[PDB]
Amino acid sequence: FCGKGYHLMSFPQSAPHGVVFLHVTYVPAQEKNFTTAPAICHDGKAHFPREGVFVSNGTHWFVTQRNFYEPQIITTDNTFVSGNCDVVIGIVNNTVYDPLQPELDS
Amino acid sequence: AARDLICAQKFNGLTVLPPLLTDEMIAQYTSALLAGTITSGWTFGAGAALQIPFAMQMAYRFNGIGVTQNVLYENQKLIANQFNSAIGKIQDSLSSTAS
Ligand SMILES: *[C@@H]1O[C@H](CO)[C@@H](O[C@@H]2O[C@H](CO)[C@@H](O)[C@H](O)[C@H]2NC(C)=O)[C@H](O)[C@H]1NC(C)=O
Ligand SMILES: *[C@@H]1O[C@H](CO)[C@@H](O)[C@H](O)[C@H]1NC(C)=O
Ligand SMILES: *[C@@H]1O[C@H](CO)[C@@H](O)[C@H](O)[C@H]1NC(C)=O
Ligand SMILES: *[C@@H]1O[C@H](CO)[C@@H](O)[C@H](O)[C@H]1NC(C)=O
């Protein structure tokens with residue numbers, strides 16, 4: 001509706017017998033391939049990302065947001081549990097870090 | 001032996017100009033749009049096309065309409081069957097009713 005890309009701003013400028021808009025937009029620039037998974041098996045549970053996707057760089061699994069590559073360690077705070085591993089097609093195996101365990105140990 | 005209405009119009013001076021874009025070109029545009037939508041979602045409308053599995057794209061759609069994505073990841077086969085049946089019903093409605 002207002003410029004190609006994700007709209008941020010617009011600025012009106014007058015003109016003879018009309019108006020001119022200066023649409024400001026966000027456009028992604030540099031892509032990168034990753035291997036992605038819909039959910040993760042952990043202790044028989046299926047973890048889904050709260051906001052982001054499960055990507056991997058070949059060895060480890062991280063969770064990012066969709067519009068910018070910001071990898072984060074998969075924990076129980078950025079993921080939620082639903083069901084078991086026998087339903088989701090394409091589920092993978094990975095560990096999910098629990099922040100309470102180090103505090104319990106210490 | 002049978003004079004045509006188009007022949008009469010042509011002889012009387014009313015001409016129909018051809019369109020610039022052919023039907024093959026229009027079909028190429030629609031095929032490109034379909035392939036981009038299927039293989040990238042909305043990302044091809046805001047820059048460069050980003051590949052993504054179609055199950056993940058439908059999970060994005062479900063989160064967009066306010067439904068948790070585990071619904072799709074647990075009813076994927078049922079949803080695919082419903083979509084295929086709806087497409088078949090569209091075909092049957094088009095092949096029978098012309099109005
Ligand atoms: C995938 O990313 C992880 C996280 O950065 C990498 O793991 C670290 O890699 C650096 C060097 O790249 C090492 O110094 C660290 O010791 C690694 N940490 C752990 C916990 O393994 C991993 O190497 C990356 N893999 C690939 C193939 O790029
Ligand atoms: C990803 O893989 C495809 C496979 O052919 C390749 O063409 C492409 O250059 C790779 N990188 C990106 C950013 O798509
Ligand atoms: C992915 O695509 C391939 C190619 O058709 C197919 O054989 C496979 O079943 C699909 N799913 C998975 C999880 O590999
Ligand atoms: C994940 O681990 C379970 C047992 O812990 C195994 O049955 C399953 O095949 C594993 N998944 C994959 C993709 O290897």
# chains A, B, ... in the order shown; residues from 1 in each chain; ligands from 1
call {"tool": "interface_residues", "arguments": {"of": "chain A", "to": "chain B", "cutoff": "9 Å", "atoms": "only C-alpha atoms", "output": "PyMOL selection string"}}
result
chain A and resi 4-6+26-29+31+33+36-39+48+53+82-83+87-89
call {"tool": "residues_near_ligand", "arguments": {"ligand": "ligand 1", "cutoff": "7 Å", "atoms": "only C-alpha atoms and all ligand atoms", "output": "PyMOL selection string"}}
result
chain A and resi 57-60
call {"tool": "write_last_selection", "arguments": {"atoms": "C-alpha atoms", "output": "PDB file, in the first residue's frame"}}
result
ATOM      1  CA  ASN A  57      24.251 -24.181  11.251  1.00  0.00           C
ATOM      2  CA  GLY A  58      25.114 -27.864  10.801  1.00  0.00           C
ATOM      3  CA  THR A  59      26.017 -28.871  14.359  1.00  0.00           C
ATOM      4  CA  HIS A  60      23.952 -26.931  16.917  1.00  0.00           C
TER       5      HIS A  60
END
call {"tool": "atom_distance", "arguments": {"atom1": "atom CA of residue 64 of chain A", "atom2": "atom CA of residue 51 of chain A"}}
result
7.9 Å
call {"tool": "atom_distance", "arguments": {"atom1": "atom CA of residue 69 of chain A", "atom2": "atom 2 (O, counted along the ligand's line) of ligand 2"}}
result
16.5 Å
call {"tool": "residues_around", "arguments": {"residues": "residue 9 of chain A", "least_positions_apart": "6", "cutoff": "12 Å", "atoms": "only C-alpha atoms", "output": "list in words"}}
result
residues 2, 3, 21, 22, 23, 24, 25 and 26 of chain A
call {"tool": "select_by_dssp", "arguments": {"residues": "chain A", "states": "helix (DSSP H, G or I)", "output": "compact mmCIF listing (two decimals) with N, CA, C and O atoms, in the first residue's frame"}}
result
# COMPACT_ATOMS: atom_id res chain seq x y z
N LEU A 100 16.55 -23.38 35.54
CA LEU A 100 16.37 -23.61 36.97
C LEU A 100 17.36 -24.62 37.53
O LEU A 100 17.65 -24.59 38.73
N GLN A 101 17.87 -25.53 36.70
CA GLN A 101 18.76 -26.60 37.15
C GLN A 101 20.08 -26.08 37.71
O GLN A 101 20.53 -26.57 38.76
N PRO A 102 20.78 -25.14 37.04
CA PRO A 102 22.01 -24.61 37.65
C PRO A 102 21.76 -23.91 38.98
O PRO A 102 22.60 -24.00 39.88
N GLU A 103 20.63 -23.21 39.12
CA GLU A 103 20.32 -22.57 40.39
C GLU A 103 20.01 -23.60 41.47
O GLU A 103 20.37 -23.41 42.63
N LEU A 104 19.33 -24.69 41.10
CA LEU A 104 19.07 -25.76 42.06
C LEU A 104 20.37 -26.43 42.49
O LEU A 104 20.53 -26.79 43.66
N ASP A 105 21.30 -26.62 41.55
CA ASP A 105 22.58 -27.24 41.89
C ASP A 105 23.42 -26.31 42.76
O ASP A 105 24.11 -26.78 43.68
call {"tool": "select_by_dssp", "arguments": {"residues": "segment 8-69 of chain A", "states": "strand (DSSP E or B)", "output": "PDB file with N, CA and C atoms, in the first residue's frame"}}
result
ATOM      1  N   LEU A   8       7.522   1.646   7.434  1.00  0.00           N
ATOM      2  CA  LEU A   8       7.896   2.273   8.697  1.00  0.00           C
ATOM      3  C   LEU A   8       7.323   3.678   8.821  1.00  0.00           C
ATOM      4  N   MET A   9       7.575   4.549   7.847  1.00  0.00           N
ATOM      5  CA  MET A   9       7.180   5.948   7.910  1.00  0.00           C
ATOM      6  C   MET A   9       6.617   6.379   6.564  1.00  0.00           C
ATOM      7  N   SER A  10       6.140   7.618   6.518  1.00  0.00           N
ATOM      8  CA  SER A  10       5.836   8.302   5.271  1.00  0.00           C
ATOM      9  C   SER A  10       5.853   9.797   5.541  1.00  0.00           C
ATOM     10  N   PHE A  11       6.191  10.568   4.511  1.00  0.00           N
ATOM     11  CA  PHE A  11       6.344  12.012   4.637  1.00  0.00           C
ATOM     12  C   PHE A  11       5.612  12.687   3.488  1.00  0.00           C
ATOM     13  N   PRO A  12       4.658  13.573   3.759  1.00  0.00           N
ATOM     14  CA  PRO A  12       3.933  14.229   2.669  1.00  0.00           C
ATOM     15  C   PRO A  12       4.675  15.452   2.159  1.00  0.00           C
ATOM     16  N   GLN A  13       4.712  15.586   0.838  1.00  0.00           N
ATOM     17  CA  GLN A  13       5.280  16.757   0.186  1.00  0.00           C
ATOM     18  C   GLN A  13       4.286  17.254  -0.848  1.00  0.00           C
ATOM     19  N   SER A  14       3.987  18.547  -0.815  1.00  0.00           N
ATOM     20  CA  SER A  14       3.025  19.098  -1.752  1.00  0.00           C
ATOM     21  C   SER A  14       3.634  19.203  -3.146  1.00  0.00           C
ATOM     22  N   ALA A  15       2.758  19.311  -4.137  1.00  0.00           N
ATOM     23  CA  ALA A  15       3.156  19.420  -5.531  1.00  0.00           C
ATOM     24  C   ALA A  15       2.034  20.108  -6.287  1.00  0.00           C
ATOM     25  N   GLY A  18      -1.468  18.156  -6.918  1.00  0.00           N
ATOM     26  CA  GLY A  18      -1.308  16.815  -6.394  1.00  0.00           C
ATOM     27  C   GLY A  18      -0.491  16.803  -5.119  1.00  0.00           C
ATOM     28  N   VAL A  19      -0.161  15.584  -4.690  1.00  0.00           N
ATOM     29  CA  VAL A  19       0.605  15.347  -3.475  1.00  0.00           C
ATOM     30  C   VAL A  19       1.665  14.292  -3.772  1.00  0.00           C
ATOM     31  N   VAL A  20       2.755  14.335  -3.008  1.00  0.00           N
ATOM     32  CA  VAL A  20       3.869  13.408  -3.157  1.00  0.00           C
ATOM     33  C   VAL A  20       4.187  12.810  -1.794  1.00  0.00           C
ATOM     34  N   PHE A  21       4.258  11.484  -1.732  1.00  0.00           N
ATOM     35  CA  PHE A  21       4.584  10.748  -0.520  1.00  0.00           C
ATOM     36  C   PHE A  21       5.979  10.152  -0.638  1.00  0.00           C
ATOM     37  N   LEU A  22       6.746  10.237   0.444  1.00  0.00           N
ATOM     38  CA  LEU A  22       8.082   9.652   0.526  1.00  0.00           C
ATOM     39  C   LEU A  22       7.998   8.464   1.483  1.00  0.00           C
ATOM     40  N   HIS A  23       7.683   7.298   0.929  1.00  0.00           N
ATOM     41  CA  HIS A  23       7.445   6.106   1.732  1.00  0.00           C
ATOM     42  C   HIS A  23       8.763   5.500   2.192  1.00  0.00           C
ATOM     43  N   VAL A  24       8.867   5.238   3.493  1.00  0.00           N
ATOM     44  CA  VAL A  24      10.052   4.639   4.096  1.00  0.00           C
ATOM     45  C   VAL A  24       9.747   3.185   4.423  1.00  0.00           C
ATOM     46  N   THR A  25      10.598   2.277   3.951  1.00  0.00           N
ATOM     47  CA  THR A  25      10.342   0.854   4.087  1.00  0.00           C
ATOM     48  C   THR A  25      11.612   0.123   4.496  1.00  0.00           C
ATOM     49  N   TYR A  26      11.405  -1.044   5.094  1.00  0.00           N
ATOM     50  CA  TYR A  26      12.452  -1.958   5.520  1.00  0.00           C
ATOM     51  C   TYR A  26      12.511  -3.114   4.531  1.00  0.00           C
ATOM     52  N   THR A  35      19.257 -25.231   7.891  1.00  0.00           N
ATOM     53  CA  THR A  35      18.406 -26.405   8.032  1.00  0.00           C
ATOM     54  C   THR A  35      17.462 -26.169   9.203  1.00  0.00           C
ATOM     55  N   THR A  36      16.163 -26.290   8.959  1.00  0.00           N
ATOM     56  CA  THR A  36      15.163 -25.886   9.931  1.00  0.00           C
ATOM     57  C   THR A  36      14.290 -27.068  10.330  1.00  0.00           C
ATOM     58  N   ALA A  37      13.724 -26.975  11.532  1.00  0.00           N
ATOM     59  CA  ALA A  37      12.873 -28.032  12.068  1.00  0.00           C
ATOM     60  C   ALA A  37      11.616 -27.441  12.692  1.00  0.00           C
ATOM     61  N   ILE A  40      10.971 -29.871  18.418  1.00  0.00           N
ATOM     62  CA  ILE A  40      12.136 -30.553  18.976  1.00  0.00           C
ATOM     63  C   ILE A  40      11.683 -31.542  20.043  1.00  0.00           C
ATOM     64  N   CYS A  41      12.206 -32.764  19.979  1.00  0.00           N
ATOM     65  CA  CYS A  41      11.933 -33.774  20.993  1.00  0.00           C
ATOM     66  C   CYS A  41      12.840 -33.573  22.198  1.00  0.00           C
ATOM     67  N   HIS A  42      12.251 -33.598  23.390  1.00  0.00           N
ATOM     68  CA  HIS A  42      13.025 -33.508  24.623  1.00  0.00           C
ATOM     69  C   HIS A  42      12.251 -34.201  25.732  1.00  0.00           C
ATOM     70  N   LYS A  45       8.755 -34.957  25.029  1.00  0.00           N
ATOM     71  CA  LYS A  45       7.892 -33.813  24.785  1.00  0.00           C
ATOM     72  C   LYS A  45       8.267 -33.137  23.474  1.00  0.00           C
ATOM     73  N   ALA A  46       7.294 -32.442  22.892  1.00  0.00           N
ATOM     74  CA  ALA A  46       7.482 -31.715  21.643  1.00  0.00           C
ATOM     75  C   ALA A  46       7.483 -30.223  21.939  1.00  0.00           C
ATOM     76  N   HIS A  47       8.625 -29.579  21.715  1.00  0.00           N
ATOM     77  CA  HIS A  47       8.790 -28.154  21.948  1.00  0.00           C
ATOM     78  C   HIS A  47       8.640 -27.403  20.633  1.00  0.00           C
ATOM     79  N   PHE A  48       7.837 -26.339  20.658  1.00  0.00           N
ATOM     80  CA  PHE A  48       7.577 -25.438  19.551  1.00  0.00           C
ATOM     81  C   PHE A  48       8.068 -24.040  19.904  1.00  0.00           C
ATOM     82  N   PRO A  49       8.542 -23.273  18.925  1.00  0.00           N
ATOM     83  CA  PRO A  49       9.056 -21.933  19.233  1.00  0.00           C
ATOM     84  C   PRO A  49       7.927 -20.959  19.525  1.00  0.00           C
ATOM     85  N   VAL A  53      11.989 -19.364  14.705  1.00  0.00           N
ATOM     86  CA  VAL A  53      12.128 -20.642  14.026  1.00  0.00           C
ATOM     87  C   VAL A  53      13.340 -21.377  14.572  1.00  0.00           C
ATOM     88  N   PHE A  54      13.290 -22.705  14.462  1.00  0.00           N
ATOM     89  CA  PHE A  54      14.379 -23.589  14.862  1.00  0.00           C
ATOM     90  C   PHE A  54      15.280 -23.819  13.657  1.00  0.00           C
ATOM     91  N   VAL A  55      16.453 -23.189  13.662  1.00  0.00           N
ATOM     92  CA  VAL A  55      17.420 -23.321  12.583  1.00  0.00           C
ATOM     93  C   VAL A  55      18.678 -23.982  13.134  1.00  0.00           C
ATOM     94  N   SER A  56      19.529 -24.436  12.220  1.00  0.00           N
ATOM     95  CA  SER A  56      20.804 -25.033  12.585  1.00  0.00           C
ATOM     96  C   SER A  56      21.871 -24.591  11.599  1.00  0.00           C
ATOM     97  N   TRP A  61      21.648 -26.323  17.293  1.00  0.00           N
ATOM     98  CA  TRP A  61      20.312 -25.841  16.974  1.00  0.00           C
ATOM     99  C   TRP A  61      20.031 -24.573  17.765  1.00  0.00           C
ATOM    100  N   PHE A  62      19.572 -23.535  17.072  1.00  0.00           N
ATOM    101  CA  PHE A  62      19.223 -22.266  17.686  1.00  0.00           C
ATOM    102  C   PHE A  62      17.808 -21.884  17.282  1.00  0.00           C
ATOM    103  N   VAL A  63      17.276 -20.877  17.966  1.00  0.00           N
ATOM    104  CA  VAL A  63      15.977 -20.300  17.647  1.00  0.00           C
ATOM    105  C   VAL A  63      16.181 -18.824  17.333  1.00  0.00           C
ATOM    106  N   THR A  64      15.584 -18.367  16.239  1.00  0.00           N
ATOM    107  CA  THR A  64      15.735 -16.989  15.792  1.00  0.00           C
ATOM    108  C   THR A  64      14.367 -16.350  15.597  1.00  0.00           C
ATOM    109  N   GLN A  65      14.365 -15.045  15.347  1.00  0.00           N
ATOM    110  CA  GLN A  65      13.171 -14.436  14.789  1.00  0.00           C
ATOM    111  C   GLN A  65      13.242 -14.496  13.267  1.00  0.00           C
ATOM    112  N   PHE A  68      15.246 -11.491  10.936  1.00  0.00           N
ATOM    113  CA  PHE A  68      16.627 -11.121  11.214  1.00  0.00           C
ATOM    114  C   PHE A  68      17.310 -12.301  11.882  1.00  0.00           C
ATOM    115  N   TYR A  69      18.516 -12.632  11.430  1.00  0.00           N
ATOM    116  CA  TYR A  69      19.239 -13.775  11.979  1.00  0.00           C
ATOM    117  C   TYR A  69      19.862 -13.376  13.309  1.00  0.00           C
TER     118      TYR A  69
END
